[PDB]
Amino acid sequence: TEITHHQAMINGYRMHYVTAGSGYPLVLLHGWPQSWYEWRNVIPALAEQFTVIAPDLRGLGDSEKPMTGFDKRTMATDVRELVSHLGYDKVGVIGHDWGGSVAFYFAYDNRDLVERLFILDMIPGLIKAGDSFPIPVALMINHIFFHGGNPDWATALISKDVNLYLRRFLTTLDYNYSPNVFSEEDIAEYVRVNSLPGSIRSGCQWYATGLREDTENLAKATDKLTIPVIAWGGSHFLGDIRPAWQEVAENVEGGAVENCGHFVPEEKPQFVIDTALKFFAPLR
Amino acid sequence: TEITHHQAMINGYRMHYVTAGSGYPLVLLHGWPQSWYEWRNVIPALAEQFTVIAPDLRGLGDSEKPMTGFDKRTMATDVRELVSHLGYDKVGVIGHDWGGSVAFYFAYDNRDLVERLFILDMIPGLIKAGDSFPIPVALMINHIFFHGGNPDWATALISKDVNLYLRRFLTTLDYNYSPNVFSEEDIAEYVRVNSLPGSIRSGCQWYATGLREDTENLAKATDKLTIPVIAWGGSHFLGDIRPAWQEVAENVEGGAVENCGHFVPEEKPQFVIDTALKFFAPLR
Amino acid sequence: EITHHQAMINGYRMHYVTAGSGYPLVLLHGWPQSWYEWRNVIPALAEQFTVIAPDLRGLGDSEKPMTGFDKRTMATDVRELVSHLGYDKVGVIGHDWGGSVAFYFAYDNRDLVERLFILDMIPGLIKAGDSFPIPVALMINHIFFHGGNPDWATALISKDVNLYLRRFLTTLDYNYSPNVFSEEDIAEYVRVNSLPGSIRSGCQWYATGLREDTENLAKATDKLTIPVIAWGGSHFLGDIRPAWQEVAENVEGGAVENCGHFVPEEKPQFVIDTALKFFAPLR
Amino acid sequence: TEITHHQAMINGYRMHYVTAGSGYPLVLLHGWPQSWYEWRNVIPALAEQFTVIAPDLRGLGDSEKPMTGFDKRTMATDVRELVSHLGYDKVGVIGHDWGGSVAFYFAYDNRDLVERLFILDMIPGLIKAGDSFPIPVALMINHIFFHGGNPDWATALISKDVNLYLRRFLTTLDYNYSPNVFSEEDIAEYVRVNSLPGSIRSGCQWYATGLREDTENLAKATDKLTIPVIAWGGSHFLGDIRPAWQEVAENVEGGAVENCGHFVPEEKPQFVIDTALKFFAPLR
Amino acid sequence: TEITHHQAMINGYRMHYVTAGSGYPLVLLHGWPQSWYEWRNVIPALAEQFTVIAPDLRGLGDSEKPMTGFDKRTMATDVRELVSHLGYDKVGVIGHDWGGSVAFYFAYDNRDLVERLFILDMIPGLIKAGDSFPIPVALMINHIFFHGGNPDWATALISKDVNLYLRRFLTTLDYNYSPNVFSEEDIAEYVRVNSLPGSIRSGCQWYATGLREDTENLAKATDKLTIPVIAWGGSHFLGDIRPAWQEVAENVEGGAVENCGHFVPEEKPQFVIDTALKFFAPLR
Amino acid sequence: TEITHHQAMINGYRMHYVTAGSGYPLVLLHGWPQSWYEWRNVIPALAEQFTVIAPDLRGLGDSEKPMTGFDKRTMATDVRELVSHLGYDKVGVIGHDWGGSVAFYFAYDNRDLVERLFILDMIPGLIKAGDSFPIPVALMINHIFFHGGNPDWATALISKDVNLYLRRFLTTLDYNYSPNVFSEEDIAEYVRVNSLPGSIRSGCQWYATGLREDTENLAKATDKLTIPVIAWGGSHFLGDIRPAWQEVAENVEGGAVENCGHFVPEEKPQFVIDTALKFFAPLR
Amino acid sequence: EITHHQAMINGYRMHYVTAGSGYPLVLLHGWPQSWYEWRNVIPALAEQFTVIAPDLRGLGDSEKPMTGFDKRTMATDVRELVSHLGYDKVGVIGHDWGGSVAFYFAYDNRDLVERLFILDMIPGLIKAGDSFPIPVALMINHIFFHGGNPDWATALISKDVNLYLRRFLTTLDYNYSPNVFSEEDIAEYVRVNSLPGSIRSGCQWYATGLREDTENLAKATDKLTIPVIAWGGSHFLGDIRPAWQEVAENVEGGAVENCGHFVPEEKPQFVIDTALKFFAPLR
């Protein structure tokens, strides 16, 4: 059940991923501003019953950092190339934050490949082409407009002080139940990977495609998933995300985790462990 | 026919203002990230026929900078208090950018005081309580979410490098027809005033009240102005702003200034001079 | 008199300046510059020619896409500009990477560009398959810095743009004289290269320069037939005729005496004089 | 097994070196941007059967930092003076990175001193005078042109943030199989020594000379070594470096270390340990 | 009428001072955070009629910067040694800010030497031992507690950004009627001299001694001056400072300069010029 | 043998000191750039047989930082007042670096108070008034001229980066046999106390008096000590300092500590313990 | 009027200016300066002479090797430059370290330098085997800071060159007046000293100044026979006649009233008047 670091050449760049365990494969997809590291307290328990695969998605963590392909459908093709490279034609998938949107396209574009889908604190995308943002949603997630608005200006302002900027998400009360989810060591690891030249540039592209090409993909994604889907959000961030996933999927269970913010794998790792072992058991 | 620097005790703080010329009074109201200085190529023409009053609005320029009262209703009471201070009971008003919204409330709350109103590249408020931002508009003005979402965090990232940030607005092709509206000496003036401790914090309170109390105040402003209004946007920013002003005013004319960006008083001063002289001539 | 203009080109806002009237001349700048490098040549050309000097993709005050920095794609931008302005015939002047873009602008639009003037540049850095002599790799060691790992180069340059640009603008290995540029001038280049995206975009010029550009130049085997002149500084590339002779049938030029890489600024009068005579038959 | 810290006066500067164990002496020679410290996980195992000697080469680690003599032949005289000072007339050598080039001149210039030579992820020199860098090779090792090209300018760009710069090498997927070969403590040790004034200057001179004097010395070094050589590269950096070493040595063995980058001593210490003990066994 | 720069060794340090003109000597004593430069628009007009002598006081401007002797009694002895050096046994004095407090000790301690005293916008000392600060006074001059409370801590915080801090006094509406009394080239001159190592340390010792030995001295300074004293404050700072001076002088005239802040010599030079020429007229 | 932290009001400032143990009192005097903390590995053993007293001398460590009194005669009067406040009329003293010079004046000025004197790697002063510096000596201690020449300018250049500057002394092969005498935690403690405002200013004053007042004091200090003295230097710094102490003391023993630099207490704490326990035994 | 030039000199590009015509005079600057310190002197001398004012090894805009910073070797650079311009006979003015370079230039080329004008310098800092009295070591404490551990001094200086240079440029112990330099003149010296290698190189001037140069000055026993004038500022080195009499047989000079160290900049008319008289026999 020990984690090994690996790389492979995926769609012209070096993708870092970790593996643990044996048996049926579960792919864990992190979000912004994180890395496979955000699953470190989940992987060992899952690795007793599953093969666990946790990549650093295009641009983030220790993965190399292309200049394009940050729309979530293109990033989903990296996950596909990775899974097929490891020799698997069937997988379960957990996706948190942007990883849940990548997870959505990964399942939507590969109905032969994804058998079960577990989302944590994410909606299938930010918005569909032609829809509007209610003022309170805009305020609750203002950062999408700063990151994705003029991404080179965001990158400059963030890269000046990554240690300060990441704490807007990692320690504040509007993102977490407890301001103490993350040790200073854990925050230092996220500051290390977001400080690698290109990580901030890549991350603002995640948001910038998120308000452009991704919105056009979401409006055209009307063919509901037929696989089992569970969607759990944190009481103290997106709350009950089950209805949102009900819109792109026939079979959706879930709700909100009590006294839990956005970073569900790190604030309530035992919730994710237990929920996942039960949700994926029929696949072992 | 030459500008003079003045100050006055206004609603508990020291407010900076420049006066010039004589005859019927015009009150010129700057926006963000500027000061009375944006009117410097306008004032000397208006001053041949008019008394010209151009203050530093609350928190910005060389004005003092309280900790609240940044909704445009409250700042308009500042303009009321000053005009009362200077002996005037009837005035003309030009408002650019947020000056525009301050001017809207100044006219709305004092029906006997503001006789005519000239707006540049602004709408009466960003949005009304209950409404939503189309993606295109959210992207065009993404800064409003950065400044207004978590003001303290935005103040921190902007304050690290005012010289860099201000240029997002002052020299870019999405804000200006020409990237050369501002000499380095002009930019250095607006960096000086915005580098005064409290100027950035106050500036972000402008956007923060912008998306909270200001939106409530606009949903309740349905008693339309009866006074003549003109409203000129720049071709290369807000364009034909007449319809936005017809929602809150019975008697609106104007349109788009051609090959002109957001900073109409500095990119096309002659346009502002000729319009103003003709629009306010009836009040001499 | 120079007028500032913008146009929506290939999905971004392109800044360009115009002056004068009559036959159109396009002046294409290089790294780390902008239209501003032609500021002391334009008024003299403006007397006899329409002059159009754009900020190429990502540099100067132009908008800064994330892709399309290979020189063929930056040539399509110039085609779109020239078409936007109403012209179906142009003269072109290209300095540094502006020369390489010029080259592709001519190569891909045989019935649009009538005459080509290259300053201190070769068609591209190298063809795919070829290798760098050690002395050459040491002379232009910066291409590997900017183009090798562009994010890393972007990080290291951006901490001090005022310092890094002086590697090129005041040194004796790029200039006959270390006083070609006023402090006001360096400050303009610092200003545009400190706009978020300008450095990132610049490193993309070099990255594509060592990758896709090398493939496009290896296949660029159909020689230009239009008149070409190629002049390099004595104290940089010097006599660049042999290099252009490989992509062009009709090549004149050579080396400017006591002149470094930045010929438009070090020797404004040479460029004015050479261009009025070269472009004369097009009025 | 205890590592001890020493210094000797060597060719006019103070050289830091560490020692461990007892028996026949093995000299371990580090490369850029490291120090004796890259051997820390190999020394104790070697020290059970050998005397282990690991200096900080001229200008790097904690050694003093002259302004000249950074060509690899001069630096090998330093290693000769150290071995002589310690009283030994026969040694084995392991050289990693630039320490492999210094090892090469140490063996070439002292044919009765050095009995066996183990090379890790290096070639005898970057290139021979009169030869050309293929475009893929120039891109792979593009840092040599940056350091060596205009050393004062590289020195300034690097010294501005040593902690950022060294991670280009220490945590990247193109230099390492895993992005996790180095703890934050290990990188801080390399940042410490390379933050000592003179270290970045000295390191740039290793490369400057690497592309000048060293290229001419390599072309003239036409006498193949007669002593046993093993040369092992990482699968994910130089790979099978036997042919490169077959040009300068008559008896060469080795290959590629599986799923190993450039930093073989730290990424596969057990591989270096097992290989050294078997290769140097006949000298005990 | 031309300013010349000089230096003289005074009480064991190099004192900088400027001279112009001929006739009866007037000595001009600057305050904080300034230098002889604050008198630059007064000196030429005073020099048509008088010898003008304007030194950099101890530690400030380009004068050298001892570690002790910042009490105003001691700094008055430097001015005595300077008037001695230049060979005058009768002078008039103008003293602004702390220069006024020095000028007081200069007259008090040398009664045959100082014939007439002109104070600008100062009181003889911040306070007498035994007395207490009203809350209004404490808030109005809070900087005195900063500088003089823990001078090393004030020194470190101010010195981090001298350009930012000086503007607390030079451009603000509580120090100045107009926020434009100083150009950028003028604020640059004050940032230049206060960035000379030792200028901020010296400055804080002006304040530290101002709240300690100066208070003991002022309590025991009870034999009032017999010489004619005029004291003028700015209407927007100290105002009518006659009562404060009537305490320590028998023959006081003066009052308040209309629409003038603290810096009377740069904001209302002509007032200083006409008040001076009239007040010292009986000395030619 | 637990160390306890204390303070006393000594000659007008708050002096930090630690104590430990019981019986006859030994006073340990640190040098530059250090504090009581250099004694931390010696105190516990000496505390089994003695009362151990280790002060932070004027301006350094956590002691307060007056602006004067940094000549070593004056700093020795602080130690007299401390020993007198603690109620002792007989003491032994150990002094290292500048502590040794302070110890010298303490014994020289208090012939009946100090019974025995242990010097570590110091000479009684830098130089006697009227003597000259050979070129090699000036180069070996070049920093005294940096610190003491123009202390404000050195304070400015050192205070920009204290972490970097202290390493000139703490990790360098010319000050230390080993570059690893100090952990990062130890260096951090020295950086912490020398990053207190006043500390660097005070340190520079030690050197400034060191080349001024102290040279006049030392020329006049011709009445040799009569009490037992032992003086031990590092093999790799001052070596056998007996002859230097025999010029000011009749009864001197000591020599050089093998493979030891300047920081004897931290590089060879056991030598200091063993030597102090034998030397001070007769006083128990 | 002043022309910026360069030449390959002993393996590096040396920047130099020239002006005027007739007999050549060579002007050698000191630390922390450049050809620039002569700019109020050059105009008046260019009415009667050719003026040549190089940037010495590693300072100003000249290129910056790692070695050869001893004043005998820096004098070989000056000999190579003079001979590139084809003069068999020169007059020389040296200020500060330029004075010591001038000394070895004169000492090592007995038929090249006809006449020598020293401003506020001594032949070297000190002779090997000699010692610094305490007040001397304090007055020039900077030589030990720059020359002791050069790498350490470079790090501390280079963190803020604008602050450090003011130790020399605006202080009452280096200058009668604190206003000898405009902000624009200080910015010029900050610019050249902010080029990477400038501070490293300057520190090597002092490092060699307290080592090889002390050995070389001890072995410089053959007094010069050519006319030497030596003038210090009243408020720095004062009457430097005696110091130059130890190494030259024919020395005149003294002290300039109310003048610090930077005589070329605080008393240009004094340097002009003195140069024109002294070198007049050489027209």
# chains A, B, ... in the order shown; residues from 1 in each chain; ligands from 1
$ residues_around --residues "residue 232 in chain B" --least-positions-apart "2" --cutoff "10 Å" --atoms "only C-alpha atoms" --output "number ranges by chain"
B: 96, 118-122, 230, 234-235, 238-242, 253-257, 264, 271-272, 275
$ closest_atom_pairs --of "chain E" --to "chain F" --cutoff "7 Å" --atoms "only C-alpha atoms" --output "JSON lines"
{"residue": "E:67", "atom": "CA", "partner": "F:67", "partner_atom": "CA", "distance": 6.2}
{"residue": "E:152", "atom": "CA", "partner": "F:197", "partner_atom": "CA", "distance": 5.1}
{"residue": "E:153", "atom": "CA", "partner": "F:197", "partner_atom": "CA", "distance": 5.6}
{"residue": "E:156", "atom": "CA", "partner": "F:197", "partner_atom": "CA", "distance": 6.4}
{"residue": "E:197", "atom": "CA", "partner": "F:152", "partner_atom": "CA", "distance": 5.3}
{"residue": "E:198", "atom": "CA", "partner": "F:152", "partner_atom": "CA", "distance": 5.5}
$ atom_distance --atom1 "CA of residue 237 in chain G" --atom2 "CA of residue 166 in chain G"
19.2 Å
$ residues_around --residues "residue 203 in chain A" --least-positions-apart "5" --cutoff "10 Å" --atoms "only C-alpha atoms" --output "PDB file with N, CA, C and O atoms, in the first residue's frame"
ATOM      1  N   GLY A  31      -7.835  18.989  -7.941  1.00  0.00           N
ATOM      2  CA  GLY A  31      -8.211  20.312  -8.463  1.00  0.00           C
ATOM      3  C   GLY A  31      -7.226  21.407  -8.117  1.00  0.00           C
ATOM      4  O   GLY A  31      -6.060  21.105  -7.828  1.00  0.00           O
ATOM      5  N   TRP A  32      -7.645  22.653  -8.288  1.00  0.00           N
ATOM      6  CA  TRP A  32      -6.800  23.862  -8.072  1.00  0.00           C
ATOM      7  C   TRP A  32      -6.923  24.339  -6.621  1.00  0.00           C
ATOM      8  O   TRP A  32      -7.995  24.262  -6.042  1.00  0.00           O
ATOM      9  N   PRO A  33      -5.856  24.750  -5.900  1.00  0.00           N
ATOM     10  CA  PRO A  33      -4.461  24.768  -6.359  1.00  0.00           C
ATOM     11  C   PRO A  33      -3.587  23.595  -5.867  1.00  0.00           C
ATOM     12  O   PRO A  33      -2.623  23.820  -5.175  1.00  0.00           O
ATOM     13  N   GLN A  34      -3.928  22.372  -6.236  1.00  0.00           N
ATOM     14  CA  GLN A  34      -3.372  21.201  -5.562  1.00  0.00           C
ATOM     15  C   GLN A  34      -2.685  20.284  -6.569  1.00  0.00           C
ATOM     16  O   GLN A  34      -2.016  20.805  -7.493  1.00  0.00           O
ATOM     17  N   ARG A  58      -2.460  18.281 -16.208  1.00  0.00           N
ATOM     18  CA  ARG A  58      -1.648  19.106 -17.125  1.00  0.00           C
ATOM     19  C   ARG A  58      -1.360  20.480 -16.501  1.00  0.00           C
ATOM     20  O   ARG A  58      -2.328  21.175 -16.112  1.00  0.00           O
ATOM     21  N   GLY A  59      -0.079  20.841 -16.352  1.00  0.00           N
ATOM     22  CA  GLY A  59       0.296  22.185 -15.824  1.00  0.00           C
ATOM     23  C   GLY A  59       0.527  22.266 -14.311  1.00  0.00           C
ATOM     24  O   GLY A  59       1.256  23.181 -13.888  1.00  0.00           O
ATOM     25  N   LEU A  60      -0.048  21.371 -13.501  1.00  0.00           N
ATOM     26  CA  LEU A  60      -0.035  21.517 -12.037  1.00  0.00           C
ATOM     27  C   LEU A  60       0.791  20.407 -11.407  1.00  0.00           C
ATOM     28  O   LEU A  60       1.286  19.520 -12.150  1.00  0.00           O
ATOM     29  N   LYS A  65       4.292  21.361 -18.272  1.00  0.00           N
ATOM     30  CA  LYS A  65       3.348  22.499 -18.282  1.00  0.00           C
ATOM     31  C   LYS A  65       3.210  22.972 -19.707  1.00  0.00           C
ATOM     32  O   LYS A  65       3.967  23.826 -20.120  1.00  0.00           O
ATOM     33  N   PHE A  70      -5.919  23.243 -21.965  1.00  0.00           N
ATOM     34  CA  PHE A  70      -6.365  23.345 -20.545  1.00  0.00           C
ATOM     35  C   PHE A  70      -7.903  23.265 -20.418  1.00  0.00           C
ATOM     36  O   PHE A  70      -8.399  23.089 -19.324  1.00  0.00           O
ATOM     37  N   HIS A 147      -8.584  34.865 -11.981  1.00  0.00           N
ATOM     38  CA  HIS A 147      -7.718  33.850 -12.664  1.00  0.00           C
ATOM     39  C   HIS A 147      -7.981  33.810 -14.170  1.00  0.00           C
ATOM     40  O   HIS A 147      -7.012  33.659 -14.948  1.00  0.00           O
ATOM     41  N   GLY A 148      -9.244  33.813 -14.580  1.00  0.00           N
ATOM     42  CA  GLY A 148      -9.592  33.466 -15.968  1.00  0.00           C
ATOM     43  C   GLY A 148      -9.841  34.705 -16.793  1.00  0.00           C
ATOM     44  O   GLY A 148      -9.842  34.591 -18.040  1.00  0.00           O
ATOM     45  N   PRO A 151      -5.585  36.319 -17.629  1.00  0.00           N
ATOM     46  CA  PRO A 151      -4.719  35.359 -16.964  1.00  0.00           C
ATOM     47  C   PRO A 151      -3.241  35.757 -16.806  1.00  0.00           C
ATOM     48  O   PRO A 151      -2.674  35.385 -15.782  1.00  0.00           O
ATOM     49  N   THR A 155      -1.512  35.988 -13.144  1.00  0.00           N
ATOM     50  CA  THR A 155      -0.277  35.181 -12.967  1.00  0.00           C
ATOM     51  C   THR A 155       0.827  36.023 -12.304  1.00  0.00           C
ATOM     52  O   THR A 155       1.463  35.574 -11.318  1.00  0.00           O
ATOM     53  N   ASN A 194       3.111  25.082  -6.809  1.00  0.00           N
ATOM     54  CA  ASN A 194       2.549  26.259  -7.510  1.00  0.00           C
ATOM     55  C   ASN A 194       3.654  27.278  -7.792  1.00  0.00           C
ATOM     56  O   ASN A 194       3.413  28.174  -8.672  1.00  0.00           O
ATOM     57  N   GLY A 198       5.544  28.073 -14.475  1.00  0.00           N
ATOM     58  CA  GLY A 198       4.446  27.581 -15.317  1.00  0.00           C
ATOM     59  C   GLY A 198       3.220  27.075 -14.583  1.00  0.00           C
ATOM     60  O   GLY A 198       2.187  26.908 -15.245  1.00  0.00           O
ATOM     61  N   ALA A 208      -9.448  30.141 -17.324  1.00  0.00           N
ATOM     62  CA  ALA A 208      -9.701  30.939 -18.538  1.00  0.00           C
ATOM     63  C   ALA A 208     -10.476  30.052 -19.540  1.00  0.00           C
ATOM     64  O   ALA A 208     -11.494  30.528 -20.033  1.00  0.00           O
TER      65      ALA A 208
END
$ closest_atom_pairs --of "chain C" --to "chain D" --cutoff "10 Å" --atoms "only C-alpha atoms" --output "Markdown table"
| residue | atom | partner | partner_atom | distance |
| --- | --- | --- | --- | --- |
| C:126 | CA | D:135 | CA | 8.6 |
| C:127 | CA | D:135 | CA | 9.2 |
| C:128 | CA | D:135 | CA | 7.5 |
| C:129 | CA | D:134 | CA | 7.6 |
| C:130 | CA | D:134 | CA | 6.5 |
| C:131 | CA | D:134 | CA | 4.1 |
| C:132 | CA | D:132 | CA | 4.9 |
| C:133 | CA | D:132 | CA | 4.3 |
| C:134 | CA | D:132 | CA | 5.9 |
| C:135 | CA | D:132 | CA | 9.2 |
| C:136 | CA | D:132 | CA | 9.2 |
| C:137 | CA | D:145 | CA | 7.1 |
| C:138 | CA | D:149 | CA | 5.2 |
| C:139 | CA | D:149 | CA | 7.6 |
| C:140 | CA | D:149 | CA | 8.3 |
| C:141 | CA | D:145 | CA | 5.1 |
| C:142 | CA | D:146 | CA | 6.8 |
| C:143 | CA | D:145 | CA | 9.0 |
| C:144 | CA | D:142 | CA | 5.2 |
| C:145 | CA | D:146 | CA | 5.7 |
| C:146 | CA | D:142 | CA | 9.4 |
| C:147 | CA | D:139 | CA | 7.9 |
| C:148 | CA | D:139 | CA | 5.2 |
| C:149 | CA | D:142 | CA | 8.1 |
| C:152 | CA | D:168 | CA | 7.5 |
| C:153 | CA | D:157 | CA | 9.4 |
| C:155 | CA | D:164 | CA | 8.9 |
| C:156 | CA | D:157 | CA | 5.8 |
| C:157 | CA | D:157 | CA | 7.2 |
| C:158 | CA | D:157 | CA | 9.8 |
| C:159 | CA | D:160 | CA | 8.0 |
| C:160 | CA | D:157 | CA | 8.3 |
| C:163 | CA | D:157 | CA | 9.2 |
| C:164 | CA | D:157 | CA | 8.2 |
| C:167 | CA | D:153 | CA | 7.6 |
| C:207 | CA | D:139 | CA | 9.5 |
| C:210 | CA | D:135 | CA | 7.3 |
| C:211 | CA | D:135 | CA | 8.7 |
| C:214 | CA | D:135 | CA | 9.4 |
$ decode --residues "range 56-68 of chain E" --atoms "N, CA, C and O atoms" --output "short mmCIF file (atom, residue, chain, number, x, y, z; two decimals), in the first residue's frame"
data_model
loop_
_atom_site.label_atom_id
_atom_site.label_comp_id
_atom_site.auth_asym_id
_atom_site.auth_seq_id
_atom_site.Cartn_x
_atom_site.Cartn_y
_atom_site.Cartn_z
N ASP E 56 22.70 72.34 7.37
CA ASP E 56 22.13 71.02 7.72
C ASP E 56 22.45 70.76 9.20
O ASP E 56 23.66 70.65 9.56
N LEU E 57 21.41 70.68 10.02
CA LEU E 57 21.59 70.42 11.47
C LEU E 57 22.05 68.97 11.65
O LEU E 57 21.95 68.14 10.70
N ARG E 58 22.45 68.67 12.87
CA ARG E 58 23.19 67.47 13.29
C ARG E 58 22.43 66.19 12.88
O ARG E 58 21.27 66.03 13.37
N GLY E 59 23.05 65.39 12.00
CA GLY E 59 22.58 64.06 11.55
C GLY E 59 21.66 64.12 10.33
O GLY E 59 21.43 63.05 9.65
N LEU E 60 21.12 65.30 10.02
CA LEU E 60 20.12 65.44 8.94
C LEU E 60 20.74 66.11 7.71
O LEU E 60 21.91 66.55 7.80
N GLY E 61 20.04 66.09 6.57
CA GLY E 61 20.61 66.60 5.32
C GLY E 61 21.89 65.84 4.93
O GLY E 61 21.94 64.57 5.10
N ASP E 62 22.87 66.56 4.37
CA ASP E 62 24.22 66.00 4.08
C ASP E 62 25.20 66.29 5.25
O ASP E 62 26.39 66.03 5.07
N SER E 63 24.78 66.81 6.40
CA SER E 63 25.73 66.90 7.55
C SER E 63 26.09 65.47 8.00
O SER E 63 25.26 64.55 7.85
N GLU E 64 27.29 65.27 8.53
CA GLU E 64 27.66 64.00 9.21
C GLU E 64 26.73 63.82 10.42
O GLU E 64 25.90 64.74 10.72
N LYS E 65 26.81 62.63 11.04
CA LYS E 65 25.70 61.99 11.78
C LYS E 65 26.30 61.30 13.00
O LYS E 65 26.56 60.10 12.99
N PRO E 66 26.60 62.06 14.08
CA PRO E 66 27.07 61.48 15.33
C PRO E 66 26.01 60.57 15.97
O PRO E 66 24.86 60.64 15.54
N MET E 67 26.39 59.82 17.01
CA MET E 67 25.49 58.88 17.73
C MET E 67 24.80 59.56 18.92
O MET E 67 23.71 59.08 19.31
N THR E 68 25.35 60.67 19.41
CA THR E 68 24.79 61.43 20.57
C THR E 68 24.63 62.91 20.25
O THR E 68 25.24 63.36 19.28
#
